[PDB]
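A.B. asks: below: the sequence, then the experimentally determined structure.
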Amino acid sequence: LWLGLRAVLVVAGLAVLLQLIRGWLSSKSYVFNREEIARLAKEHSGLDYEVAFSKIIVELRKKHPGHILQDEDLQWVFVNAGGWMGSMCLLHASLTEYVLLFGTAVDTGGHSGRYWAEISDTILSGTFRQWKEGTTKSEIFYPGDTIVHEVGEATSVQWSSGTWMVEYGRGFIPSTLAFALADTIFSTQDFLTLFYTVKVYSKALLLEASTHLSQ
Amino acid sequence: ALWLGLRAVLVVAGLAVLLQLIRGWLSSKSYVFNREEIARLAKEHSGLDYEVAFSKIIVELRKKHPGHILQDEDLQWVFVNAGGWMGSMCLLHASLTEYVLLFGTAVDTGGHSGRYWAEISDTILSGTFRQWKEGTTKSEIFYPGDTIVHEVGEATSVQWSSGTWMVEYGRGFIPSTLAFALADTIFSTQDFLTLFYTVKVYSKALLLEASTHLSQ
Amino acid sequence: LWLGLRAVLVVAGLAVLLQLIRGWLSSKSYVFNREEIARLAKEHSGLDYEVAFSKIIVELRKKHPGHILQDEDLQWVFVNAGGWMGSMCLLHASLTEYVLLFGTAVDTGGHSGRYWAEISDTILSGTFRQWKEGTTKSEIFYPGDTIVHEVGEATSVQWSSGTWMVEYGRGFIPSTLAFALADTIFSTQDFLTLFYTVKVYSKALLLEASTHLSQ
Ligand SMILES: Cc1cc(OCCN2CCOCC2)nn1-c1ccc2ccccc2c1
Ligand SMILES: Cc1cc(OCCN2CCOCC2)nn1-c1ccc2ccccc2c1
Ligand SMILES: Cc1cc(OCCN2CCOCC2)nn1-c1ccc2ccccc2c1
Ligand SMILES: [Au+]
Ligand SMILES: [Au+]
Ligand SMILES: [Au+]
Ligand SMILES: [Au+]
Ligand SMILES: [Au+]
Ligand SMILES: [Au+]
């Protein structure tokens, strides 16, 4: 039973950490909320999406100081995943939550990704075709609408040029990155984009850790 | 000098013994379905709502071929990510040599058709089907009622529109084809639940065919 | 610190080879130039792109004998990369330069690929949507226009049915093929297309080697 030691240790660790992370998520005080981010995005779903980004970042830094990256640590990073290609501006990211501005200037679409996190996107501009699993028809969502991609759900997404949205995700964030960079690894091979993503995520993690240390 | 190389010689011997075995089996096997049969059955219902067409096609298939089409309890729409496109399938029948399914997409997708060891026929029930054959510079658009025969060893570029639905029948060595149907699910989407669903429906169809053979 | 010798040697080798190849490319005598290919392509920017292909191949074989493959060694090879799919006709290829006719008859788009080479594409027909990195808006280019995808640059590309262009790339060509075949490896699994690409590249390399040997 010596060769079973590795497998038993792996099973024990994975189930001890499933239980640990699941109890942590059910007893942790979160910074942001899905209704909060969706409401803030709906407040500005009218004007030019750039002005919406500006006002949303201003209100976020006012209402949650020390939790949004500084303008020095902001950059649009490409995101290739599930067969679609867009760009993101990460405003906040922790081990359990993340907030970003996502969108595309080209017509793309693919797999939404099935991960251990609840994600909410409020469309600021463009169109969002969603095709839920097990169906034969898709629905199109317009600026002002908010789509909640639940945990374990998998849909087909499609966007139009100029489609932009504010996105908030809550769950176990690392387990999701495996999907967000798969195409960057096996399709685009844009390792510099991978580096940019890791860089901005590390900056958000260090910002959150510094804010925790100050308190 | 044959110790290093023993693995390579065993691999070559096995691959050629199994190419011979499989190609002799495919040339001496009585098949269940036919390309023209499925094409006619699909074209007969190409004018109705593709959902109603699906219903009537499943009924006629279970009527004319009892014991070879899955029961309604074992049917479910499984996402399919492959060649850069994304659609969904409903597997009606599948063995080691044949498969019948209802394929289509509710979003605008397109990519590589996939080159495999099987002849595949698709009859469009609704939507549009852009096909771009290899070595050409122009593409053709196929409409409901048309039937496309993707021959063995052929590779094309496919593109679909929202609401494109079709009945598809493939004949050949089915396992060697699944490698293409799940590549994006492995390296791009990582939707392992969809991988499990695919293995599930294929195993269910294989067990149904094995049970029908055992009863006979 | 004995096993740090391997890592230090690896870094030293990679930087000595970076310096070697980069100095070579900065001092090498090239056969073609981007303005030459771009002007020749713009002269024939029309609707009947096929006649443009024929006349361009004729002019290339006239002004540079022994550097363009013969009609026997020409074939349209599928190209899957970055999430898009097109087809190519390789006219010339070496270790530092390559000239081809690229295009698609279907609607595709994805990652342009970030490689160690400057690439120039002159659109003969169709439309070319380019989305530059770090921006939120995309530009649309039409037949006659020439786009220079610079070294280290990464953009999002999108094409329409019937989009065809003449492309010339200069740099370290092998390091680019890794991107050009990634989707063929992990997405399409079209090993025959991989063989065709390797075959036409080998034919071009042997043609250029024969021309060097004759001189
Ligand atoms: C986990 C993840 C999924 C994803 O997909 C694009 C967003 N939306 C998904 C659903 O609906 C359409 C668009 N991006 N992303 C990500 C990527 C990079 C990240 C970096 C730091 C923190 C979170 C980070 C999170
Ligand atoms: C082998 C294969 C190719 C494919 O591609 C989508 C269909 N068409 C292809 C050509 O034209 C456009 C659409 N699905 N598929 C498959 C996927 C899962 C399967 C599961 C069980 C049995 C056969 C199974 C077969
Ligand atoms: C390196 C590379 C990139 C590429 O991408 C498509 C062209 N364009 C790129 C930028 O803008 C849009 C379209 N093809 N390709 C290639 C593929 C095969 C090759 C074979 C031999 C020599 C060079 C060879 C070069
Ligand atoms: Au930004
Ligand atoms: Au931003
Ligand atoms: Au079904
Ligand atoms: Au069905
Ligand atoms: Au050619
Ligand atoms: Au050609």
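C.D. replies: That came through, no problem. Numbering: from 1, shown residues only, chains lettered A, B, ... in the order given. Ligands and ions are numbered 1, 2, ... in the order given.

A.B. asks: domains of chain A?
C.D. replies: As given by automatic domain parsing, the domain ranges for chain A are A:1-30, A:31-214.

A.B. asks: which one of these lies nearest to residue C:106?
C.D. replies: Smallest distance to residue C:106 across the domains of chain A (Cβ to Cβ): 13.2 Å, for domain A:31-214. Heads up, the C-betas are built off the backbone N, CA and C, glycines and all.

A.B. asks: run the chain-centre distance for the closest one.
C.D. replies: Shown here is domain A:31-214, whose average C-alpha point lies 4 Å from the average C-alpha point of the whole chain (Cα atoms, centre = their mean, to the nearest Å).

A.B. asks: so that domain, near chain C or not?
C.D. replies: Yes: Domain A:31-214 comes into contact with chain C when judged by Cβ under 8 Å from any Cβ of the partner chain, the residues involved being A:49-50, A:75-76, A:78, A:80, A:83-85, A:87, A:103-108, A:161-162, A:164, A:183, A:186-190, A:192-193.

A.B. asks: need the buried ones from these selected in ChimeraX.
C.D. replies: Paste this into ChimeraX to select the buried members of these, with burial taken from 16 or more other Cβ atoms under 10 Å in any protein chain shown:
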select /A:49,75,76,78,80,83,84,85,87,103,104,105,106,107,108,161,162,164,183,186,187,188,189,190,193
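
A.B. asks: quick check: chain neighbours aside, which residue is closest to the residue nearest the centre of chain A?
C.D. replies: Centre of chain A computed as the mean C-alpha position; nearest residue by Cα atoms, centre = their mean is residue A:169, 5.0 Å away. For residue A:169, ignoring the flanking residues on the chain, the nearest one in space by Cβ to Cβ, 6 or more residues apart in numbering or on different chains is residue A:119 at 4.3 Å.

A.B. asks: is that neighbour in contact with residue A:167, as I believe?
C.D. replies: Yes: using Cβ atoms under 8 Å, residue A:119 and residue A:167 qualify as a contacting pair, with a distance of 6.4 Å.

A.B. asks: who touches the nearest residue to residue A:155 once chain neighbours are set aside in this structure?
C.D. replies: Taking Cβ to Cβ, 6+ apart as the measure, residue A:155 lies nearest to residue A:112, with 4.6 Å between them; neighbours along the chain are not counted. Under the criterion of Cβ atoms under 8 Å, 6 or more residues apart in numbering or on different chains, the neighbours of residue A:112 are A:82, A:130, A:149, A:153-157.

A.B. asks: among these, which one sits closest to residue A:64?
C.D. replies: residue A:149 (23.0 Å).

A.B. asks: distance of the closest residue to the closest one other than its chain neighbours relative to ligand 6?
C.D. replies: Take residue A:149 and drop its neighbours on the chain: the residue closest to it by Cβ to Cβ, 6+ apart is residue A:119, 4.5 Å away. In this structure, residue A:119 lies at 27 Å from ligand 6, with Cβ to the ion, to the nearest Å as the measure.

A.B. asks: is ligand 1 contacted by the lengthiest helix in chain A?
C.D. replies: Ranked by residue count and defined by DSSP state H, the top helix of chain A is helix A:191-214. Yes: shown here: helix A:191-214 in contact with ligand 1 (Cβ under 6 Å from any ligand atom) through A:197, A:201.

A.B. asks: same deal with stretch A:65-78?
C.D. replies: No: in terms of Cβ under 6 Å from any ligand atom, no part of stretch A:65-78 sits within range of ligand 1; the closest distance is 7.5 Å.

A.B. asks: next, the buried residues of that stretch.
C.D. replies: When burial is assessed from 16+ other Cβ under 10 Å, stretch A:65-78 yields the following buried residues: A:67-69, A:74-78.

A.B. asks: neighbouring strands - and their directions - for the host helix or strand of residue A:100?
C.D. replies: When secondary structure is defined by DSSP states H and E, residue A:100 falls within strand A:97-104. As defined by DSSP bridges, the strand partners of strand A:97-104 come to strand A:84-93 (antiparallel), strand A:163-171 (antiparallel).

A.B. asks: just the strands in chain A please.
C.D. replies: Secondary structure of chain A by DSSP state E: the strands cover A:77-81, A:84-93, A:97-104, A:109-111, A:117-125, A:128-132, A:139-141, A:146-149, A:155-159, A:163-171.

A.B. asks: nearest to residue A:203, of the ones you listed?
C.D. replies: Set against residue A:203 and scored by Cβ to Cβ, those come closest in strand A:84-93, at 8.3 Å.

A.B. asks: give me the angle between that closest one and strand A:77-81.
C.D. replies: Orientation of strand A:84-93 against strand A:77-81 (axes from the mean of the first three to the mean of the last three Cα atoms, to 10 degrees) gives an angle of 120 degrees.

A.B. asks: near ligand 4, anything from strand A:84-93?
C.D. replies: Yes: judged by Cβ under 5 Å from the ion, strand A:84-93 and ligand 4 are in contact via residue A:89.

A.B. asks: give me phi/psi at the residue lying closest to residue A:61 once chain neighbours are set aside?
C.D. replies: In space, not counting the residues next to it along the chain, residue A:61 is nearest to residue A:68; the distance is 4.8 Å by Cβ to Cβ, 6+ apart. Main-chain torsions, residue A:68, degrees, to the nearest 10: phi -110, psi 130.

A.B. asks: circling back: next, the angle from the longest helix of chain A to strand A:84-93.
C.D. replies: Orientation check (the same axes, to 10 degrees): helix A:191-214 against strand A:84-93 gives 20 degrees.

A.B. asks: who are the packing partners of helix A:191-214?
C.D. replies: The criterion is 3 or more Cβ pairs under 8 Å, 6 or more residues apart in numbering or on different chains; DSSP states H and E, and the helices and strands that helix A:191-214 contacts are strand A:77-81, strand A:84-93, helix A:174-180, helix A:182-186.
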